[PDB]
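J.: Quick one, what's the 3D model for this:
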Amino acid sequence: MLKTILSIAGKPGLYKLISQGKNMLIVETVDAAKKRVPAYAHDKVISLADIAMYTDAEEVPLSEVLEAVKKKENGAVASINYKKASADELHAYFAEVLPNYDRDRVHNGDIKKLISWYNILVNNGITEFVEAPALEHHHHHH
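T.: Residues are numbered from 1 along each chain as shown. Find the structure here:
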């Protein structure tokens, strides 16, 4: 479940935490190499277990709204690209499948941080977070 993937809003992207130490966290790059990297709690180390967005519907974790926008592209990578798209393009890409997003709670660059991890997600597959089969096949209940 959401515990192992740490979401990084700094220079790197996504990590897998194995163990915590009082200097450095023992993590793995979620990548093709998968190297053991010392993580430091300064480079915007957030839990992806924590990331959620409150919208017109219930409280939706970032993984489930990833599913909703990924549904469009059939499990491909993000065609938006956050480092080429305008701020208007960011919210309009989300509003293609979910136009019920608000601008009150969703205002903290929530889609922008999402696209940053979203390209990394499809890069190695991660595990599974969308009913389009990349590794497993999910069932819609959420």
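
J.: CA atoms for contacts and neighbours, from now on please.
T.: OK.

J.: can you point me to the longest strand in the protein?
T.: Taking DSSP state E as the criterion, the chain has its longest strand at strand 14-20.

J.: Now do the buried residues in stretch 86-105.
T.: For stretch 86-105, the buried set under the neighbour-count rule, 16 or more other CA atoms under 10 Å, comprises 90, 91, 93, 94, 101.

J.: quick one: contacts of the lengthiest helix in the chain?
T.: Of all the segments of type helix in the chain, defined by DSSP state H, the longest one is helix 110-124. Helix 110-124 is contacted from outside by 7-9, 13-14, 30-32, 53, 62, 66, 75-78, 81-82, 90-91, 94, using CA atoms under 8 Å, 6 or more residues apart in numbering.

J.: can you name the farthest residue from the center of the chain?
T.: For the chain, the C-alpha lying farthest from the average C-alpha position belongs to residue 22; by CA atoms, centre = their mean, that distance is 26.8 Å.

J.: Which residue comes closest to residue 8 once chain neighbours are left out?
T.: For residue 8, the nearest residue in space outside its immediate sequence neighbours is residue 45; the separation is 5.1 Å by CA to CA, 6 or more residues apart in numbering.

J.: Which stretches in this protein count as helices?
T.: Taking DSSP H as the criterion, the chain carries its helices at 62-70, 87-94, 110-124.

J.: Can you give the distance of the first one from its chain's centre?
T.: Helix 62-70 sits 8 Å away from the centroid of its parent chain (CA atoms, centre = their mean, to the nearest Å).

J.: would you put the C-alpha positions of it in CSV?
T.: Only the C-alpha atoms of helix 62-70 are listed here, as CSV (Å, rounded to 0.1, in the frame of the first residue of the first chain):
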residue,chain,number,x,y,z
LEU,A,62,-3.0,11.3,-5.4
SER,A,63,-2.8,7.7,-6.7
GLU,A,64,-6.5,7.6,-7.5
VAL,A,65,-6.6,10.9,-9.4
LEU,A,66,-3.4,9.6,-11.2
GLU,A,67,-5.7,6.8,-12.3
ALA,A,68,-8.4,9.2,-13.6
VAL,A,69,-6.1,11.3,-15.8
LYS,A,70,-4.0,8.2,-16.9
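
J.: which secondary structure elements does it contact?
T.: When contacts are defined as 3 or more CA pairs under 8 Å, 6 or more residues apart in numbering; DSSP states H and E, helix 62-70 packs onto helix 110-124.
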